[PDB]
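A short worksheet on the structure shown next.
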Amino acid sequence: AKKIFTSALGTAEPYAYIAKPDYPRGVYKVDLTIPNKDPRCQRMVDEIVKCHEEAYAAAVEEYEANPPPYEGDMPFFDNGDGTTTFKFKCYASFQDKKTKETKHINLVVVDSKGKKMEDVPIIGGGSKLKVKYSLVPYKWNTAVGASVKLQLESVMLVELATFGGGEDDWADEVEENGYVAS
Amino acid sequence: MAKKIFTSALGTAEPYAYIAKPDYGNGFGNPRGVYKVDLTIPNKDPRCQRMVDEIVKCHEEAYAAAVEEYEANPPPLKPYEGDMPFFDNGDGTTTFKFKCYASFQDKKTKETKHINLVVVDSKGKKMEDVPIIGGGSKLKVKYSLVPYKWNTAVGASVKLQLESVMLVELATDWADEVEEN
Ligand SMILES: [Ca+2]
């Protein structure tokens with residue numbers, strides 16, 4: 001069984017796949033950047049670290065008692081600018097293990113009032129969200145060491161970001177031989 | 001794992017790179033130190049597009065091989081792709097993520113050794129005392145491509161293994177004084 005954790009309110013990084021998965025088996029995903037000022041930010045980190053140290057401890061405690069170990073990177077990282085980014089992901093499909101078929105799972109997304117949306121807005125970078133998730137410790141492999149996966153369970157869309165209009169939007173509209181910053 | 005070596009286009013380093021010294025966050029997990037730099041390159045530089053082509057080709061090739069291997073005897077983990085080690089920033093630039101471990105266990109001798117990352121100036125002169133490379137610095141990097149299969153943690157992708165760095169131009173607040181007192 002899985003215990004549900006809820007993140008602090010954060011800002012979605014670009015390239016989120018919430019309204020639709022990133023497609024091979026699909027994957028929903030969002031990198032959520034939270035201000036370190038939010039105490040919930042440190043608690044999210046503490047929970048993940050605890051999970052890892054306990055699980056890795058156990059993993060080594062059986063590798064050694066029936067072999068055939070190293071640690072990997074945490075699913076979060078302080079950006080050094082007063083914010084920490086957390087990486088959430090979950091598959092878009094699974095195998096009906098009763099009746100064999102592959103089934104598509106849509107990620108539940110709720111608005112700020114808690115209302116589930118059928119037609120989910122595409123979530124652009126800068127959007128404010130809260131996410132519910134599970135901690136899924138995993139063992140070391142040839143690619144990366146043992147760590148924890150923040151398995152996405154659902155998302156609450158708090159603020160939908162505008163597409164365009166900012167600094168980036170202008171990259172596409174440069175003026176030859178014009179004014180240049182100082 | 002420095003076999004076929006590629007050279008990046010001239011780019012700009014994102015802040016908090018670890019080139020002059022590695023990142024020993026130890027961040028519990030890989031104790032191993034890590035050298036890393038995120039290099040942002042203008043999309044109109046032709047080498048940028050070629051860099052992407054090469055990574056994508058390496059990925060497609062290795063993923064195709066892994067998939068055929070898996071489908072030849074499906075041994076619950078299905079094939080899937082991870083994120084590429086580069087991303088278009090939507091502003092005419094693309095950021096590439098380079099990294100490598102700061103230590104390794106020797107194959108012949110089994111000795112764990114530390115790796116010093118070679119940094120060269122714009123004319124190829126090895127810099128003996130490497131300056132801390134701040135955000136905004138102009139660099140080129142040498143790297144190898146290390147593809148990897150999908151696993152429980154992440155989907156199949158490619159690591160841009162940092163090999164060495166050329167410092168073309170070194171760039172010139174509140175972190176230290178956080179919260180109270
Ligand atoms: Ca535009």
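Note on naming: chains are A, B, ... as they come in the structure tokens, residues start from 1 per chain, ligands start from 1 in the order shown.
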For this session: Write down, as a PyMOL selection string, each residue of chain B that has any atom within 7 Å of an atom of chain A, counting only C-alpha atoms.
Result: chain B and resi 27+29-30+78-81+90-92+148+152-153
Could you dump the residues just selected with N, CA, C and O atoms as a short mmCIF file (atom, residue, chain, number, x, y, z; two decimals), in the first residue's frame?
```
data_model
loop_
_atom_site.label_atom_id
_atom_site.label_comp_id
_atom_site.auth_asym_id
_atom_site.auth_seq_id
_atom_site.Cartn_x
_atom_site.Cartn_y
_atom_site.Cartn_z
N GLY B 27 22.27 15.54 0.46
CA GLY B 27 22.71 14.74 -0.76
C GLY B 27 23.35 13.40 -0.48
O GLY B 27 24.48 13.17 -0.86
N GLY B 29 23.87 9.58 -1.20
CA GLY B 29 23.67 8.88 -2.43
C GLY B 29 25.04 8.83 -3.00
O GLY B 29 26.01 8.93 -2.25
N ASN B 30 25.15 8.72 -4.32
CA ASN B 30 26.48 8.61 -4.86
C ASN B 30 27.46 9.49 -4.12
O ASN B 30 27.42 10.74 -4.21
N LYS B 78 8.60 -2.31 -18.78
CA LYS B 78 8.55 -2.24 -20.23
C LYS B 78 9.48 -1.14 -20.73
O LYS B 78 9.85 -0.23 -19.98
N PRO B 79 9.88 -1.21 -22.01
CA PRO B 79 10.76 -0.18 -22.57
C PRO B 79 10.13 1.20 -22.55
O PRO B 79 8.94 1.36 -22.80
N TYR B 80 10.94 2.21 -22.23
CA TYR B 80 10.48 3.59 -22.29
C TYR B 80 11.69 4.50 -22.39
O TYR B 80 12.82 4.11 -22.05
N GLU B 81 11.45 5.71 -22.90
CA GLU B 81 12.53 6.66 -23.09
C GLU B 81 12.60 7.70 -21.98
O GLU B 81 11.57 8.15 -21.47
N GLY B 90 13.50 27.57 -25.54
CA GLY B 90 12.41 28.38 -26.07
C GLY B 90 12.80 29.82 -26.38
O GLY B 90 11.95 30.63 -26.78
N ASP B 91 14.08 30.13 -26.20
CA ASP B 91 14.58 31.48 -26.46
C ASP B 91 15.72 31.49 -27.47
O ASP B 91 16.55 32.40 -27.46
N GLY B 92 15.78 30.48 -28.33
CA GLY B 92 16.83 30.44 -29.32
C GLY B 92 18.14 29.84 -28.80
O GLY B 92 19.18 29.98 -29.43
N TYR B 148 22.36 4.53 -22.15
CA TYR B 148 21.98 3.58 -21.14
C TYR B 148 20.53 3.17 -21.34
O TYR B 148 19.70 3.94 -21.84
N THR B 152 14.21 0.90 -13.52
CA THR B 152 13.13 1.30 -12.63
C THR B 152 13.13 2.79 -12.33
O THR B 152 12.09 3.39 -12.08
N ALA B 153 14.31 3.38 -12.36
CA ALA B 153 14.43 4.78 -12.03
C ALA B 153 14.19 5.77 -13.15
O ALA B 153 13.51 6.79 -13.00
#
```
Exercise. Using the chain letters and numbers from this document, which residues of range 49-140 of chain A does DSSP assign to strand (DSSP E or B), as a PyMOL selection string?
Worked result: chain A and resi 71+76-78+83-91+93-95+102-104+108-110+116+128-138
Problem set entry | Contacts of residue 10 in chain A at 7 Å (only C-alpha atoms; same-chain gap of 2+ positions) as a PyMOL selection string | chain A and resi 8+12+32-34+128-130
Problem set entry | For ligand 1, the nearest of the candidates A:105, A:174, A:44, A:180, counting only C-alpha atoms and all ligand atoms |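 Distance minimum relative to ligand 1 lands on A:174.
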Exercise. So how many Å separate CA of residue 133 in chain A and CA of residue 25 in chain B, to one decimal?
Worked result: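 Rounded to one decimal, the two atoms are 25.2 Å apart.
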For this session: Select from chain A everything DSSP, run on the backbone, classes as alpha helix (DSSP H), then give the selection as a ChimeraX atom specification.
Result: /A:39-63
Could you save the residues just selected, with N, CA and C atoms, as a PDB file, in the first residue's frame?
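Saved to out17.pdb:
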```
ATOM      1  N   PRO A  39       8.513  26.109   4.712  1.00  0.00           N
ATOM      2  CA  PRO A  39       8.956  25.017   5.592  1.00  0.00           C
ATOM      3  C   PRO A  39       8.560  23.646   5.097  1.00  0.00           C
ATOM      4  N   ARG A  40       7.496  23.604   4.303  1.00  0.00           N
ATOM      5  CA  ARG A  40       7.021  22.351   3.744  1.00  0.00           C
ATOM      6  C   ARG A  40       8.119  21.833   2.821  1.00  0.00           C
ATOM      7  N   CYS A  41       8.871  22.760   2.217  1.00  0.00           N
ATOM      8  CA  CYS A  41       9.961  22.349   1.329  1.00  0.00           C
ATOM      9  C   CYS A  41      10.961  21.439   2.069  1.00  0.00           C
ATOM     10  N   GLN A  42      11.438  21.871   3.235  1.00  0.00           N
ATOM     11  CA  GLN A  42      12.385  21.053   3.998  1.00  0.00           C
ATOM     12  C   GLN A  42      11.791  19.718   4.466  1.00  0.00           C
ATOM     13  N   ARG A  43      10.512  19.719   4.814  1.00  0.00           N
ATOM     14  CA  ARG A  43       9.862  18.492   5.272  1.00  0.00           C
ATOM     15  C   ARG A  43       9.768  17.493   4.106  1.00  0.00           C
ATOM     16  N   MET A  44       9.494  17.985   2.900  1.00  0.00           N
ATOM     17  CA  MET A  44       9.421  17.077   1.746  1.00  0.00           C
ATOM     18  C   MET A  44      10.784  16.387   1.607  1.00  0.00           C
ATOM     19  N   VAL A  45      11.846  17.173   1.726  1.00  0.00           N
ATOM     20  CA  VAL A  45      13.203  16.643   1.626  1.00  0.00           C
ATOM     21  C   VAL A  45      13.474  15.615   2.732  1.00  0.00           C
ATOM     22  N   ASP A  46      13.117  15.965   3.966  1.00  0.00           N
ATOM     23  CA  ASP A  46      13.331  15.044   5.082  1.00  0.00           C
ATOM     24  C   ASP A  46      12.663  13.684   4.854  1.00  0.00           C
ATOM     25  N   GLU A  47      11.417  13.696   4.396  1.00  0.00           N
ATOM     26  CA  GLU A  47      10.660  12.465   4.142  1.00  0.00           C
ATOM     27  C   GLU A  47      11.321  11.594   3.081  1.00  0.00           C
ATOM     28  N   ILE A  48      11.810  12.241   2.039  1.00  0.00           N
ATOM     29  CA  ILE A  48      12.468  11.530   0.962  1.00  0.00           C
ATOM     30  C   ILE A  48      13.787  10.932   1.447  1.00  0.00           C
ATOM     31  N   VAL A  49      14.556  11.709   2.203  1.00  0.00           N
ATOM     32  CA  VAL A  49      15.831  11.205   2.704  1.00  0.00           C
ATOM     33  C   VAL A  49      15.609  10.029   3.658  1.00  0.00           C
ATOM     34  N   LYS A  50      14.638  10.154   4.559  1.00  0.00           N
ATOM     35  CA  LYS A  50      14.346   9.075   5.504  1.00  0.00           C
ATOM     36  C   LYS A  50      14.014   7.794   4.746  1.00  0.00           C
ATOM     37  N   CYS A  51      13.114   7.921   3.778  1.00  0.00           N
ATOM     38  CA  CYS A  51      12.685   6.798   2.940  1.00  0.00           C
ATOM     39  C   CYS A  51      13.891   6.092   2.317  1.00  0.00           C
ATOM     40  N   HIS A  52      14.762   6.888   1.716  1.00  0.00           N
ATOM     41  CA  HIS A  52      15.973   6.384   1.078  1.00  0.00           C
ATOM     42  C   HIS A  52      16.933   5.653   2.024  1.00  0.00           C
ATOM     43  N   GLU A  53      17.266   6.301   3.130  1.00  0.00           N
ATOM     44  CA  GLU A  53      18.204   5.697   4.052  1.00  0.00           C
ATOM     45  C   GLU A  53      17.664   4.397   4.630  1.00  0.00           C
ATOM     46  N   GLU A  54      16.371   4.350   4.923  1.00  0.00           N
ATOM     47  CA  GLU A  54      15.795   3.125   5.443  1.00  0.00           C
ATOM     48  C   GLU A  54      15.796   2.058   4.361  1.00  0.00           C
ATOM     49  N   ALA A  55      15.255   2.394   3.188  1.00  0.00           N
ATOM     50  CA  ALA A  55      15.179   1.434   2.101  1.00  0.00           C
ATOM     51  C   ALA A  55      16.533   0.947   1.590  1.00  0.00           C
ATOM     52  N   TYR A  56      17.498   1.853   1.475  1.00  0.00           N
ATOM     53  CA  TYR A  56      18.822   1.478   0.991  1.00  0.00           C
ATOM     54  C   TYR A  56      19.465   0.548   2.016  1.00  0.00           C
ATOM     55  N   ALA A  57      19.252   0.866   3.288  1.00  0.00           N
ATOM     56  CA  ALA A  57      19.769   0.062   4.385  1.00  0.00           C
ATOM     57  C   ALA A  57      19.291  -1.375   4.195  1.00  0.00           C
ATOM     58  N   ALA A  58      17.981  -1.538   3.999  1.00  0.00           N
ATOM     59  CA  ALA A  58      17.382  -2.852   3.798  1.00  0.00           C
ATOM     60  C   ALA A  58      17.884  -3.529   2.521  1.00  0.00           C
ATOM     61  N   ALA A  59      18.029  -2.744   1.459  1.00  0.00           N
ATOM     62  CA  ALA A  59      18.487  -3.265   0.180  1.00  0.00           C
ATOM     63  C   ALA A  59      19.880  -3.871   0.315  1.00  0.00           C
ATOM     64  N   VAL A  60      20.749  -3.196   1.052  1.00  0.00           N
ATOM     65  CA  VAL A  60      22.088  -3.716   1.241  1.00  0.00           C
ATOM     66  C   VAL A  60      22.003  -4.912   2.188  1.00  0.00           C
ATOM     67  N   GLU A  61      21.052  -4.862   3.120  1.00  0.00           N
ATOM     68  CA  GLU A  61      20.840  -5.934   4.096  1.00  0.00           C
ATOM     69  C   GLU A  61      20.232  -7.220   3.538  1.00  0.00           C
ATOM     70  N   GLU A  62      20.230  -7.370   2.222  1.00  0.00           N
ATOM     71  CA  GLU A  62      19.723  -8.594   1.630  1.00  0.00           C
ATOM     72  C   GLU A  62      20.535  -8.876   0.385  1.00  0.00           C
ATOM     73  N   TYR A  63      21.234  -7.850  -0.093  1.00  0.00           N
ATOM     74  CA  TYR A  63      22.117  -8.026  -1.232  1.00  0.00           C
ATOM     75  C   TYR A  63      23.155  -8.952  -0.618  1.00  0.00           C
TER      76      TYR A  63
END
```
Exercise. Which of these, B:96, B:28, B:35, B:174, has the shortest distance to residue 16 in chain B once you count only C-alpha atoms?
Worked result: B:35
For this session: Counting only C-alpha atoms, figure out which residue out of B:104, B:18, B:143, B:63 gets nearest to residue 82 in chain B.
Result: B:63
For this session: For residue 128 in chain B, list every protein, DNA or RNA residue within 9 Å, evaluated using only C-alpha atoms, and leave out those in the same chain fewer than 6 positions away; present the list as a VMD selection string.
Result: chain B and resid 118 to 120
Prev. selection, N, CA, C and O atoms, output as a compact mmCIF listing (two decimals), in the first residue's frame:
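File written: result_14.txt
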```txt
# COMPACT_ATOMS: atom_id res chain seq x y z
N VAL B 118 40.86 18.28 -16.78
CA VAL B 118 41.73 19.20 -17.52
C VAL B 118 40.95 20.40 -18.05
O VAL B 118 39.90 20.24 -18.68
N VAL B 119 41.44 21.60 -17.75
CA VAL B 119 40.84 22.83 -18.26
C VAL B 119 41.96 23.56 -19.02
O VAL B 119 43.09 23.70 -18.53
N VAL B 120 41.60 24.02 -20.21
CA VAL B 120 42.52 24.66 -21.14
C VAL B 120 42.05 26.12 -21.40
O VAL B 120 40.86 26.40 -21.26
```
Exercise. Could you state the separation of CA of residue 88 in chain B and CA of residue 56 in chain B in Å, given to one decimal place?
Worked result: 13.7 Å
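Of note, CA of residue 3 in chain A and CA of residue 19 in chain A are spaced 23.7 Å apart.
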Exercise. Could you name the residues that touch residue 116 in chain A at 12 Å or less, counting only C-alpha atoms, but leaving out those on the same chain fewer than 5 positions away, as a PyMOL selection string?
Worked result: chain A and resi 106-111+121+154-157
Would you mind exporting the chosen residues as a PDB file, in the first residue's frame, restricted to N, CA, C and O atoms?
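Dumped to out37.pdb:
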```
ATOM      1  N   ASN A 106      -5.192   7.985 -16.896  1.00  0.00           N
ATOM      2  CA  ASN A 106      -5.038   9.423 -17.055  1.00  0.00           C
ATOM      3  C   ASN A 106      -4.724   9.954 -15.660  1.00  0.00           C
ATOM      4  O   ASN A 106      -5.227   9.454 -14.650  1.00  0.00           O
ATOM      5  N   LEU A 107      -3.844  10.937 -15.613  1.00  0.00           N
ATOM      6  CA  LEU A 107      -3.442  11.541 -14.361  1.00  0.00           C
ATOM      7  C   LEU A 107      -4.550  12.482 -13.893  1.00  0.00           C
ATOM      8  O   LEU A 107      -4.957  13.380 -14.619  1.00  0.00           O
ATOM      9  N   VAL A 108      -5.040  12.274 -12.682  1.00  0.00           N
ATOM     10  CA  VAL A 108      -6.086  13.136 -12.169  1.00  0.00           C
ATOM     11  C   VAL A 108      -5.533  14.541 -11.886  1.00  0.00           C
ATOM     12  O   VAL A 108      -4.484  14.674 -11.258  1.00  0.00           O
ATOM     13  N   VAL A 109      -6.205  15.562 -12.421  1.00  0.00           N
ATOM     14  CA  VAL A 109      -5.823  16.962 -12.194  1.00  0.00           C
ATOM     15  C   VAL A 109      -7.086  17.658 -11.714  1.00  0.00           C
ATOM     16  O   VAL A 109      -8.156  17.565 -12.329  1.00  0.00           O
ATOM     17  N   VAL A 110      -6.911  18.385 -10.625  1.00  0.00           N
ATOM     18  CA  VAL A 110      -7.960  19.083  -9.926  1.00  0.00           C
ATOM     19  C   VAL A 110      -7.696  20.605 -10.000  1.00  0.00           C
ATOM     20  O   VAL A 110      -6.535  21.034 -10.098  1.00  0.00           O
ATOM     21  N   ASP A 111      -8.749  21.428  -9.989  1.00  0.00           N
ATOM     22  CA  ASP A 111      -8.515  22.871  -9.998  1.00  0.00           C
ATOM     23  C   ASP A 111      -8.253  23.331  -8.564  1.00  0.00           C
ATOM     24  O   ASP A 111      -8.125  22.506  -7.678  1.00  0.00           O
ATOM     25  N   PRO A 121      -6.121  21.671 -18.805  1.00  0.00           N
ATOM     26  CA  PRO A 121      -5.334  22.693 -19.507  1.00  0.00           C
ATOM     27  C   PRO A 121      -3.884  22.235 -19.680  1.00  0.00           C
ATOM     28  O   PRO A 121      -3.351  21.571 -18.796  1.00  0.00           O
ATOM     29  N   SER A 154      -1.572  12.749  -8.225  1.00  0.00           N
ATOM     30  CA  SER A 154      -2.548  13.713  -8.758  1.00  0.00           C
ATOM     31  C   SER A 154      -1.959  15.126  -8.665  1.00  0.00           C
ATOM     32  O   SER A 154      -0.957  15.343  -7.983  1.00  0.00           O
ATOM     33  N   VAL A 155      -2.593  16.076  -9.336  1.00  0.00           N
ATOM     34  CA  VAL A 155      -2.084  17.447  -9.364  1.00  0.00           C
ATOM     35  C   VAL A 155      -3.207  18.446  -9.152  1.00  0.00           C
ATOM     36  O   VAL A 155      -4.310  18.232  -9.632  1.00  0.00           O
ATOM     37  N   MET A 156      -2.914  19.535  -8.444  1.00  0.00           N
ATOM     38  CA  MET A 156      -3.897  20.595  -8.277  1.00  0.00           C
ATOM     39  C   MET A 156      -3.275  21.770  -9.009  1.00  0.00           C
ATOM     40  O   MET A 156      -2.125  22.134  -8.747  1.00  0.00           O
ATOM     41  N   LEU A 157      -4.017  22.324  -9.954  1.00  0.00           N
ATOM     42  CA  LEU A 157      -3.563  23.465 -10.728  1.00  0.00           C
ATOM     43  C   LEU A 157      -4.049  24.714  -9.969  1.00  0.00           C
ATOM     44  O   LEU A 157      -5.254  24.937  -9.827  1.00  0.00           O
TER      45      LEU A 157
END
```
Problem set entry | All residues 7 Å or closer to range 36-41 of chain B, only C-alpha atoms, same chain fewer than 2 positions away omitted, as a ChimeraX atom specification | /B:9-14,17-19,34,43,48,93-100
Exercise. Within 8 Å of residue 166 in chain B, counting only C-alpha atoms, which residues qualify if same-chain residues fewer than 6 places away don't, as number ranges by chain?
Worked result: B: 119-122, 124, 139-141
Exercise. Which is closer to residue 150 in chain A than all the others in B:175, B:154, B:170, B:2, using only C-alpha atoms?
Worked result: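 Residue with the minimum atom-to-atom distance to residue 150 in chain A: B:154.
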For this session: Name the closest residue to ligand 1 among the candidates A:6, A:166, A:126, A:13; distances are taken between atoms, counting only C-alpha atoms and all ligand atoms.
Result: A:166
